[PDB]
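> What follows is coords-v7.txt, made up of compact mmCIF, N, CA and C atoms and all ligand atoms:
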```txt
# COMPACT_ATOMS: atom_id res chain seq x y z
N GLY Z 13 136.52 7.71 218.59
CA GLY Z 13 136.36 7.34 217.18
C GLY Z 13 135.24 8.16 216.57
N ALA Z 14 134.48 7.54 215.68
CA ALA Z 14 133.71 8.36 214.76
C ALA Z 14 132.76 9.27 215.54
N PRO Z 15 131.93 8.74 216.45
CA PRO Z 15 130.96 9.61 217.13
C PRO Z 15 131.60 10.80 217.85
N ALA Z 16 132.72 10.55 218.55
CA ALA Z 16 133.40 11.63 219.23
C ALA Z 16 133.91 12.68 218.23
N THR Z 17 134.34 12.22 217.03
CA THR Z 17 134.83 13.14 216.02
C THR Z 17 133.67 14.04 215.61
N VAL Z 18 132.45 13.47 215.51
CA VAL Z 18 131.32 14.29 215.08
C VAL Z 18 131.00 15.28 216.18
N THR Z 19 131.06 14.87 217.46
CA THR Z 19 130.88 15.82 218.57
C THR Z 19 131.85 16.98 218.42
N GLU Z 20 133.11 16.63 218.15
CA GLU Z 20 134.19 17.62 218.13
C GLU Z 20 134.10 18.55 216.92
N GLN Z 21 133.77 17.99 215.73
CA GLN Z 21 134.04 18.68 214.48
C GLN Z 21 132.81 18.87 213.60
N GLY Z 22 131.69 18.20 213.94
CA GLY Z 22 130.57 18.27 213.00
C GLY Z 22 129.87 19.61 213.04
N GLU Z 23 129.17 19.84 211.91
CA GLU Z 23 128.38 21.02 211.66
C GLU Z 23 127.00 20.79 212.27
N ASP Z 24 126.45 21.79 212.91
CA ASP Z 24 125.08 21.68 213.46
C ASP Z 24 124.10 22.05 212.36
N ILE Z 25 123.36 21.07 211.85
CA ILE Z 25 122.45 21.36 210.74
C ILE Z 25 121.01 21.54 211.21
N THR Z 26 120.77 21.74 212.52
CA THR Z 26 119.44 22.05 213.06
C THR Z 26 119.04 23.49 212.78
N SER Z 27 117.73 23.73 212.62
CA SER Z 27 117.23 25.10 212.51
C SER Z 27 117.39 25.86 213.81
N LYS Z 28 117.17 25.18 214.92
CA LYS Z 28 117.24 25.79 216.23
C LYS Z 28 118.68 25.98 216.71
N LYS Z 29 119.67 25.43 216.02
CA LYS Z 29 121.08 25.47 216.47
C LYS Z 29 121.21 24.97 217.92
N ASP Z 30 120.59 23.82 218.17
CA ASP Z 30 120.66 23.14 219.46
C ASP Z 30 121.63 21.96 219.45
N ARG Z 31 122.45 21.82 218.39
CA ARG Z 31 123.37 20.69 218.23
C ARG Z 31 122.68 19.33 218.28
N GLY Z 32 121.38 19.30 217.93
CA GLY Z 32 120.62 18.05 217.95
C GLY Z 32 121.02 17.07 216.84
N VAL Z 33 121.48 17.57 215.70
CA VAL Z 33 121.93 16.81 214.55
C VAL Z 33 123.25 17.43 214.10
N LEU Z 34 124.32 16.66 214.25
CA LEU Z 34 125.67 17.09 213.87
C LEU Z 34 126.15 16.23 212.70
N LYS Z 35 126.79 16.89 211.70
CA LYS Z 35 127.20 16.26 210.46
C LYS Z 35 128.65 16.45 210.07
N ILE Z 36 129.26 15.33 209.65
CA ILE Z 36 130.48 15.42 208.82
C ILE Z 36 130.28 14.72 207.48
N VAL Z 37 130.67 15.44 206.41
CA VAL Z 37 130.78 14.85 205.09
C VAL Z 37 132.06 14.02 205.05
N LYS Z 38 131.94 12.73 204.78
CA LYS Z 38 133.11 11.85 204.76
C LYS Z 38 133.54 11.58 203.34
N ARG Z 39 132.58 11.46 202.41
CA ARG Z 39 132.93 11.36 201.00
C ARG Z 39 132.03 12.30 200.21
N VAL Z 40 132.62 13.19 199.42
CA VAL Z 40 131.84 14.16 198.65
C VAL Z 40 131.08 13.49 197.49
N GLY Z 41 129.81 13.95 197.31
CA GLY Z 41 128.91 13.54 196.24
C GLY Z 41 128.94 14.44 194.99
N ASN Z 42 128.05 14.16 194.01
CA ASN Z 42 128.06 14.78 192.68
C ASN Z 42 126.79 15.61 192.46
N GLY Z 43 126.89 16.72 191.74
CA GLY Z 43 125.72 17.44 191.28
C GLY Z 43 125.24 18.47 192.31
N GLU Z 44 124.22 19.24 191.90
CA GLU Z 44 123.75 20.42 192.62
C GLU Z 44 122.47 20.09 193.42
N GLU Z 45 121.67 19.10 192.99
CA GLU Z 45 120.41 18.77 193.64
C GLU Z 45 120.68 18.08 194.98
N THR Z 46 119.83 18.39 195.96
CA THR Z 46 119.69 17.62 197.18
C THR Z 46 118.22 17.24 197.29
N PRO Z 47 117.89 16.17 198.01
CA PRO Z 47 116.52 15.72 198.07
C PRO Z 47 115.63 16.82 198.63
N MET Z 48 114.34 16.69 198.32
CA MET Z 48 113.39 17.58 198.95
C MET Z 48 112.20 16.79 199.42
N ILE Z 49 111.40 17.45 200.25
CA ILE Z 49 110.31 16.74 200.87
C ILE Z 49 109.45 16.08 199.79
N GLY Z 50 109.11 14.81 199.97
CA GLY Z 50 108.32 14.03 199.03
C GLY Z 50 109.14 13.02 198.22
N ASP Z 51 110.44 13.29 198.03
CA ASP Z 51 111.29 12.43 197.19
C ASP Z 51 111.38 11.00 197.73
N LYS Z 52 111.47 10.03 196.81
CA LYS Z 52 111.81 8.66 197.16
C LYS Z 52 113.33 8.62 197.24
N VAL Z 53 113.87 8.21 198.40
CA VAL Z 53 115.31 8.25 198.64
C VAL Z 53 115.86 6.84 198.91
N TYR Z 54 117.06 6.59 198.34
CA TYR Z 54 117.70 5.30 198.43
C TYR Z 54 119.06 5.50 199.11
N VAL Z 55 119.27 4.76 200.21
CA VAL Z 55 120.54 4.82 200.93
C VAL Z 55 121.05 3.43 201.28
N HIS Z 56 122.36 3.39 201.61
CA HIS Z 56 122.92 2.35 202.46
C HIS Z 56 123.27 3.02 203.78
N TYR Z 57 123.11 2.29 204.91
CA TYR Z 57 123.44 2.92 206.18
C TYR Z 57 124.05 1.86 207.11
N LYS Z 58 124.73 2.41 208.11
CA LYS Z 58 125.29 1.71 209.25
C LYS Z 58 124.93 2.58 210.44
N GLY Z 59 124.13 2.05 211.39
CA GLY Z 59 123.77 2.81 212.56
C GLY Z 59 124.17 2.09 213.83
N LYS Z 60 124.20 2.85 214.93
CA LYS Z 60 124.45 2.26 216.24
C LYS Z 60 124.07 3.28 217.28
N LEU Z 61 123.77 2.78 218.49
CA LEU Z 61 123.74 3.65 219.66
C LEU Z 61 125.13 4.25 219.83
N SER Z 62 125.24 5.53 220.20
CA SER Z 62 126.59 6.08 220.20
C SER Z 62 127.47 5.40 221.25
N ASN Z 63 126.87 4.84 222.32
CA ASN Z 63 127.46 3.89 223.27
C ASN Z 63 128.17 2.72 222.58
N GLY Z 64 127.59 2.19 221.49
CA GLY Z 64 128.28 1.26 220.61
C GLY Z 64 127.68 -0.13 220.70
N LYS Z 65 126.57 -0.28 221.45
CA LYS Z 65 126.17 -1.57 221.99
C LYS Z 65 125.06 -2.23 221.15
N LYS Z 66 124.61 -1.59 220.05
CA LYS Z 66 123.79 -2.20 218.99
C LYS Z 66 124.20 -1.49 217.70
N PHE Z 67 124.16 -2.18 216.54
CA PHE Z 67 124.90 -1.90 215.31
C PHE Z 67 124.13 -2.45 214.10
N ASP Z 68 123.23 -1.66 213.49
CA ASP Z 68 122.24 -2.09 212.49
C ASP Z 68 122.63 -1.57 211.12
N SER Z 69 122.51 -2.41 210.10
CA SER Z 69 122.98 -2.01 208.77
C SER Z 69 122.08 -2.56 207.66
N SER Z 70 121.81 -1.69 206.66
CA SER Z 70 121.11 -2.08 205.44
C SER Z 70 121.77 -3.29 204.79
N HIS Z 71 123.11 -3.34 204.87
CA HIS Z 71 123.86 -4.46 204.30
C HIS Z 71 123.46 -5.78 204.94
N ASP Z 72 123.11 -5.80 206.24
CA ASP Z 72 122.58 -7.02 206.88
C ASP Z 72 121.34 -7.56 206.13
N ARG Z 73 120.73 -6.75 205.25
CA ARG Z 73 119.57 -7.19 204.47
C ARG Z 73 119.88 -7.24 202.96
N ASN Z 74 121.15 -7.01 202.60
CA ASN Z 74 121.63 -7.20 201.24
C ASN Z 74 120.80 -6.36 200.25
N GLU Z 75 120.26 -5.20 200.68
CA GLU Z 75 119.50 -4.34 199.78
C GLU Z 75 119.46 -2.92 200.33
N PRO Z 76 119.32 -1.90 199.45
CA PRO Z 76 119.22 -0.50 199.89
C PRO Z 76 117.98 -0.22 200.74
N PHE Z 77 118.11 0.77 201.63
CA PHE Z 77 117.02 1.22 202.49
C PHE Z 77 116.33 2.39 201.79
N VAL Z 78 115.02 2.24 201.64
CA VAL Z 78 114.26 3.15 200.79
C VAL Z 78 113.19 3.83 201.63
N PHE Z 79 113.04 5.15 201.47
CA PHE Z 79 112.02 5.92 202.18
C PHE Z 79 111.71 7.24 201.47
N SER Z 80 110.55 7.84 201.81
CA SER Z 80 110.08 9.11 201.28
C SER Z 80 110.47 10.22 202.25
N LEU Z 81 111.20 11.21 201.78
CA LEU Z 81 111.73 12.27 202.62
C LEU Z 81 110.63 13.21 203.16
N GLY Z 82 110.76 13.52 204.46
CA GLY Z 82 109.85 14.38 205.20
C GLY Z 82 108.42 13.87 205.36
N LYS Z 83 108.17 12.55 205.26
CA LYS Z 83 106.86 11.95 205.38
C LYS Z 83 106.73 11.28 206.76
N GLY Z 84 107.65 11.60 207.68
CA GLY Z 84 107.73 10.96 208.99
C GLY Z 84 107.80 9.43 208.92
N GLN Z 85 108.54 8.86 207.95
CA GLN Z 85 108.77 7.43 207.86
C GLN Z 85 110.08 7.04 208.57
N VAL Z 86 110.92 8.03 208.83
CA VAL Z 86 112.17 7.86 209.54
C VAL Z 86 112.24 8.93 210.61
N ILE Z 87 113.26 8.86 211.48
CA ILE Z 87 113.41 9.86 212.52
C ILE Z 87 113.65 11.24 211.93
N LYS Z 88 113.28 12.29 212.69
CA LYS Z 88 113.41 13.68 212.27
C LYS Z 88 114.84 13.93 211.80
N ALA Z 89 115.88 13.39 212.51
CA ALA Z 89 117.28 13.63 212.12
C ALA Z 89 117.62 13.14 210.71
N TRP Z 90 116.97 12.11 210.19
CA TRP Z 90 117.19 11.66 208.83
C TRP Z 90 116.51 12.61 207.84
N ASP Z 91 115.26 13.03 208.13
CA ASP Z 91 114.56 13.97 207.28
C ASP Z 91 115.41 15.23 207.16
N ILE Z 92 116.00 15.68 208.26
CA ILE Z 92 116.86 16.87 208.21
C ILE Z 92 118.19 16.58 207.52
N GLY Z 93 118.88 15.51 207.93
CA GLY Z 93 120.23 15.25 207.40
C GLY Z 93 120.31 14.82 205.96
N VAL Z 94 119.43 13.90 205.53
CA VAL Z 94 119.49 13.41 204.19
C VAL Z 94 119.11 14.55 203.23
N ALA Z 95 118.31 15.53 203.69
CA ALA Z 95 117.92 16.66 202.85
C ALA Z 95 119.17 17.48 202.49
N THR Z 96 120.20 17.42 203.32
CA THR Z 96 121.45 18.17 203.04
C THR Z 96 122.42 17.41 202.11
N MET Z 97 122.15 16.15 201.76
CA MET Z 97 123.16 15.31 201.11
C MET Z 97 123.05 15.32 199.57
N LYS Z 98 124.19 15.22 198.86
CA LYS Z 98 124.21 15.15 197.40
C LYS Z 98 124.28 13.67 197.02
N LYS Z 99 123.86 13.28 195.81
CA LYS Z 99 123.97 11.89 195.40
C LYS Z 99 125.43 11.42 195.42
N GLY Z 100 125.70 10.23 196.00
CA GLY Z 100 127.04 9.69 196.12
C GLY Z 100 127.75 10.07 197.42
N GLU Z 101 127.16 11.01 198.19
CA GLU Z 101 127.77 11.49 199.43
C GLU Z 101 127.73 10.40 200.48
N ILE Z 102 128.82 10.34 201.27
CA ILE Z 102 128.76 9.60 202.53
C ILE Z 102 128.94 10.60 203.65
N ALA Z 103 128.03 10.48 204.64
CA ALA Z 103 128.05 11.42 205.74
C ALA Z 103 127.93 10.67 207.05
N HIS Z 104 128.51 11.28 208.07
CA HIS Z 104 128.31 10.86 209.46
C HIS Z 104 127.37 11.82 210.19
N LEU Z 105 126.34 11.24 210.85
CA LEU Z 105 125.41 11.98 211.70
C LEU Z 105 125.52 11.49 213.14
N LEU Z 106 125.49 12.45 214.04
CA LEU Z 106 125.33 12.19 215.47
C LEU Z 106 124.11 12.94 215.97
N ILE Z 107 123.18 12.21 216.66
CA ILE Z 107 121.81 12.63 216.83
C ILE Z 107 121.40 12.58 218.28
N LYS Z 108 120.98 13.73 218.85
CA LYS Z 108 120.42 13.76 220.22
C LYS Z 108 119.03 13.19 220.21
N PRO Z 109 118.50 12.71 221.38
CA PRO Z 109 117.23 11.99 221.40
C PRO Z 109 116.05 12.78 220.89
N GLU Z 110 116.12 14.11 221.06
CA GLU Z 110 115.07 14.98 220.58
C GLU Z 110 114.80 14.81 219.09
N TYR Z 111 115.84 14.45 218.31
CA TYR Z 111 115.67 14.26 216.87
C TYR Z 111 115.66 12.79 216.48
N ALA Z 112 115.50 11.92 217.49
CA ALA Z 112 115.46 10.49 217.27
C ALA Z 112 114.27 9.91 218.04
N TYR Z 113 114.48 9.14 219.13
CA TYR Z 113 113.36 8.49 219.81
C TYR Z 113 113.03 9.04 221.18
N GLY Z 114 113.72 10.10 221.64
CA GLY Z 114 113.17 10.92 222.72
C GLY Z 114 113.28 10.19 224.05
N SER Z 115 112.58 10.71 225.04
CA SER Z 115 112.72 10.11 226.38
C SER Z 115 111.87 8.87 226.45
N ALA Z 116 110.91 8.72 225.54
CA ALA Z 116 110.13 7.50 225.50
C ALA Z 116 110.96 6.31 225.03
N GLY Z 117 111.83 6.56 224.09
CA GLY Z 117 112.60 5.50 223.46
C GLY Z 117 111.74 4.74 222.45
N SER Z 118 112.26 3.57 222.09
CA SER Z 118 111.59 2.60 221.26
C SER Z 118 112.14 1.21 221.58
N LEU Z 119 111.68 0.63 222.70
CA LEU Z 119 112.20 -0.65 223.18
C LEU Z 119 111.67 -1.76 222.28
N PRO Z 120 112.40 -2.89 222.15
CA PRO Z 120 113.67 -3.12 222.85
C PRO Z 120 114.88 -2.56 222.13
N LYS Z 121 114.74 -2.10 220.90
CA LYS Z 121 115.94 -1.63 220.21
C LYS Z 121 116.53 -0.38 220.86
N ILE Z 122 115.72 0.60 221.22
CA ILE Z 122 116.28 1.90 221.56
C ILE Z 122 115.86 2.30 222.97
N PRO Z 123 116.79 2.56 223.90
CA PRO Z 123 116.41 2.95 225.28
C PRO Z 123 116.01 4.41 225.32
N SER Z 124 115.47 4.85 226.45
CA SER Z 124 115.11 6.23 226.65
C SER Z 124 116.40 7.08 226.52
N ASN Z 125 116.25 8.21 225.87
CA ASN Z 125 117.24 9.29 225.88
C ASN Z 125 118.53 8.86 225.15
N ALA Z 126 118.38 8.06 224.09
CA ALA Z 126 119.51 7.53 223.35
C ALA Z 126 120.06 8.53 222.31
N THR Z 127 121.39 8.71 222.35
CA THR Z 127 122.10 9.35 221.23
C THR Z 127 122.52 8.27 220.21
N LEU Z 128 122.32 8.60 218.93
CA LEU Z 128 122.52 7.66 217.80
C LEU Z 128 123.60 8.21 216.86
N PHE Z 129 124.28 7.28 216.18
CA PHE Z 129 125.33 7.59 215.22
C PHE Z 129 124.98 6.82 213.95
N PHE Z 130 125.05 7.50 212.80
CA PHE Z 130 124.91 6.80 211.55
C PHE Z 130 125.99 7.25 210.56
N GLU Z 131 126.40 6.29 209.73
CA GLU Z 131 127.05 6.58 208.43
C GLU Z 131 126.02 6.26 207.36
N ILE Z 132 125.82 7.26 206.48
CA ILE Z 132 124.82 7.15 205.44
C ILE Z 132 125.50 7.38 204.10
N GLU Z 133 125.21 6.47 203.16
CA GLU Z 133 125.55 6.77 201.78
C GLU Z 133 124.27 6.99 200.99
N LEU Z 134 124.14 8.17 200.40
CA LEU Z 134 123.02 8.51 199.54
C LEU Z 134 123.23 7.97 198.12
N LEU Z 135 122.42 6.96 197.74
CA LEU Z 135 122.62 6.27 196.47
C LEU Z 135 121.84 6.97 195.36
N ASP Z 136 120.61 7.41 195.66
CA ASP Z 136 119.79 8.04 194.65
C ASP Z 136 118.54 8.63 195.30
N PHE Z 137 117.90 9.56 194.59
CA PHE Z 137 116.58 10.05 194.95
C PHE Z 137 115.82 10.49 193.70
N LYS Z 138 114.49 10.31 193.75
CA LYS Z 138 113.59 10.48 192.61
C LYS Z 138 112.37 11.23 193.14
N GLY Z 139 111.83 12.16 192.34
CA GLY Z 139 110.73 13.02 192.77
C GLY Z 139 109.41 12.27 192.74
N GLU Z 140 108.62 12.29 193.84
CA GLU Z 140 107.29 11.71 193.81
C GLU Z 140 106.74 12.08 192.44
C1 LIG N 201 112.97 1.71 216.21
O1 LIG N 201 113.00 0.57 215.34
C2 LIG N 201 114.10 0.39 214.54
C3 LIG N 201 115.16 1.27 214.40
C4 LIG N 201 116.20 0.99 213.52
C5 LIG N 201 116.12 -0.16 212.74
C6 LIG N 201 115.02 -1.02 212.82
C7 LIG N 201 114.00 -0.75 213.72
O2 LIG N 201 112.89 -1.59 213.76
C8 LIG N 201 112.42 -2.20 214.99
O3 LIG N 201 114.86 -2.15 212.06
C9 LIG N 201 115.78 -2.34 210.95
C10 LIG N 201 115.08 -3.07 209.82
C11 LIG N 201 114.99 -2.16 208.59
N1 LIG N 201 114.09 -1.03 208.83
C12 LIG N 201 114.40 0.24 209.17
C13 LIG N 201 113.20 0.87 209.32
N2 LIG N 201 112.23 -0.02 209.03
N3 LIG N 201 112.75 -1.20 208.77
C14 LIG N 201 112.92 2.28 209.76
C15 LIG N 201 112.54 2.31 211.25
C16 LIG N 201 111.08 1.92 211.45
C17 LIG N 201 112.85 3.59 211.95
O4 LIG N 201 114.29 3.77 211.82
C18 LIG N 201 114.73 5.02 211.68
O5 LIG N 201 114.02 5.98 211.63
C19 LIG N 201 116.24 5.10 211.65
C20 LIG N 201 116.74 5.67 210.33
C21 LIG N 201 116.49 4.72 209.17
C22 LIG N 201 117.26 3.43 209.45
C23 LIG N 201 116.78 2.77 210.75
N4 LIG N 201 116.76 3.75 211.92
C24 LIG N 201 117.00 3.37 213.20
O6 LIG N 201 116.74 4.15 214.17
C25 LIG N 201 117.44 1.90 213.44
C26 LIG N 201 118.35 1.84 214.71
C27 LIG N 201 119.71 2.51 214.50
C28 LIG N 201 120.54 2.49 215.80
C29 LIG N 201 120.78 1.10 216.31
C30 LIG N 201 119.49 0.34 216.48
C31 LIG N 201 118.59 0.40 215.22
```
Could you render the structure from this file as structure tokens?

Amino acid sequence: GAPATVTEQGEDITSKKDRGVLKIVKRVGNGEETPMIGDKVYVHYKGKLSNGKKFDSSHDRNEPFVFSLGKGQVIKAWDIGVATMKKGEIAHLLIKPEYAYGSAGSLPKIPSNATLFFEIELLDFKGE
């Protein structure tokens, strides 16, 4: 299903071309701007371990997930991936641990060396 599709077909959006962050655009967005470092960004998301065994969503809190891009408030893979997204876009990301929580992990939610999958909808972004 979705994570395997991203393995198979996604674009490697890493600078190092190490396949650490793979992307598919699932729904195309509007306009020419993409976020840049410093922007306040608003998303809805659905995440899970690519194994499938935990499944976290902004909708579980009935409100958008808000963060400042490139301020290390989210994992490196979000700073990289959301920077590529247009407003209204829905994208699938598949993320190696190097761009997420690494060999240390983040227990109890995230084990060591975890690959992560997200669907992200970019709702809006505003310049600091
Ligand atoms: C490692 O801890 C969590 C990881 C994740 C969600 C968490 C975590 O809290 C213990 O709580 C969800 C409550 C809302 N929320 C999200 C954040 N802050 N509050 C950003 C997090 C502090 C860091 O999260 C991230 O960088 C990414 C991207 C933004 C959305 C949440 N992220 C996660 O890694 C999720 C994770 C997704 C895979 C399945 C388990 C939860």
> Name the residues in contact with residue Z:51 at a cut-off of 8 Å, using only N, CA and C atoms, excluding same-chain residues fewer than 2 positions from it; report them as a PyMOL selection string.
chain Z and resi 47-49+53-54+79-83+136-140
> Restricting the calculation to all atoms listed in the file: of Z:101, Z:56, Z:77, Z:116, which residue gets closest to residue Z:37?
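For residue Z:37, the nearest of the candidates is Z:101.
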> Out of Z:122, Z:78, Z:128, Z:135, which residue has the shortest atom-to-atom distance to residue Z:62 when counting all atoms listed in the file?
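When distances to residue Z:62 are compared using all atoms listed in the file, the smallest one comes from Z:128.
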> Which residue out of Z:75, Z:91, Z:68, Z:133 has the minimum interatomic distance to ligand LIG 201 (chain N) when only C-alpha atoms and all ligand atoms are used?
Z:68
> Got a sec to check which residues lie within 6.5 Å of ligand LIG 201 (chain N), using all atoms listed in the file, and send them as an MDAnalysis selection string?
chainID Z and resid 59:61 66:68 85:88 90 118 121:122 128:129
> Quick one: write out the picked residues with N, CA and C atoms as a short mmCIF file (atom, residue, chain, number, x, y, z; two decimals), keeping the file's coordinate frame?

```cif
data_model
loop_
_atom_site.label_atom_id
_atom_site.label_comp_id
_atom_site.auth_asym_id
_atom_site.auth_seq_id
_atom_site.Cartn_x
_atom_site.Cartn_y
_atom_site.Cartn_z
N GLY Z 59 124.13 2.05 211.39
CA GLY Z 59 123.77 2.81 212.56
C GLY Z 59 124.17 2.09 213.83
N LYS Z 60 124.20 2.85 214.93
CA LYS Z 60 124.45 2.26 216.24
C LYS Z 60 124.07 3.28 217.28
N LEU Z 61 123.77 2.78 218.49
CA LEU Z 61 123.74 3.65 219.66
C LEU Z 61 125.13 4.25 219.83
N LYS Z 66 124.61 -1.59 220.05
CA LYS Z 66 123.79 -2.20 218.99
C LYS Z 66 124.20 -1.49 217.70
N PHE Z 67 124.16 -2.18 216.54
CA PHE Z 67 124.90 -1.90 215.31
C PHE Z 67 124.13 -2.45 214.10
N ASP Z 68 123.23 -1.66 213.49
CA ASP Z 68 122.24 -2.09 212.49
C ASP Z 68 122.63 -1.57 211.12
N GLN Z 85 108.54 8.86 207.95
CA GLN Z 85 108.77 7.43 207.86
C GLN Z 85 110.08 7.04 208.57
N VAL Z 86 110.92 8.03 208.83
CA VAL Z 86 112.17 7.86 209.54
C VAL Z 86 112.24 8.93 210.61
N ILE Z 87 113.26 8.86 211.48
CA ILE Z 87 113.41 9.86 212.52
C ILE Z 87 113.65 11.24 211.93
N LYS Z 88 113.28 12.29 212.69
CA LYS Z 88 113.41 13.68 212.27
C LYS Z 88 114.84 13.93 211.80
N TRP Z 90 116.97 12.11 210.19
CA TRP Z 90 117.19 11.66 208.83
C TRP Z 90 116.51 12.61 207.84
N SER Z 118 112.26 3.57 222.09
CA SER Z 118 111.59 2.60 221.26
C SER Z 118 112.14 1.21 221.58
N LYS Z 121 114.74 -2.10 220.90
CA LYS Z 121 115.94 -1.63 220.21
C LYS Z 121 116.53 -0.38 220.86
N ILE Z 122 115.72 0.60 221.22
CA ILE Z 122 116.28 1.90 221.56
C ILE Z 122 115.86 2.30 222.97
N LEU Z 128 122.32 8.60 218.93
CA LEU Z 128 122.52 7.66 217.80
C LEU Z 128 123.60 8.21 216.86
N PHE Z 129 124.28 7.28 216.18
CA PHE Z 129 125.33 7.59 215.22
C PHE Z 129 124.98 6.82 213.95
#
```
> Can you pull out the residues contacting residue Z:35? Cut-off 9 Å, using only C-alpha atoms, and skip same-chain residues under 3 positions away; I want them as number ranges by chain.
Z: 18-19, 21-25, 93, 103-106
> What's the separation between atom N of residue Z:71 and atom CA of residue Z:107, in Å to one decimal place?
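For atom N of residue Z:71 relative to atom CA of residue Z:107, the distance reads 20.0 Å.
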> Distance atom C of residue Z:98-atom N of residue Z:46, one decimal place?
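Answer for the atom C of residue Z:98 to atom N of residue Z:46 separation: 6.6 Å.
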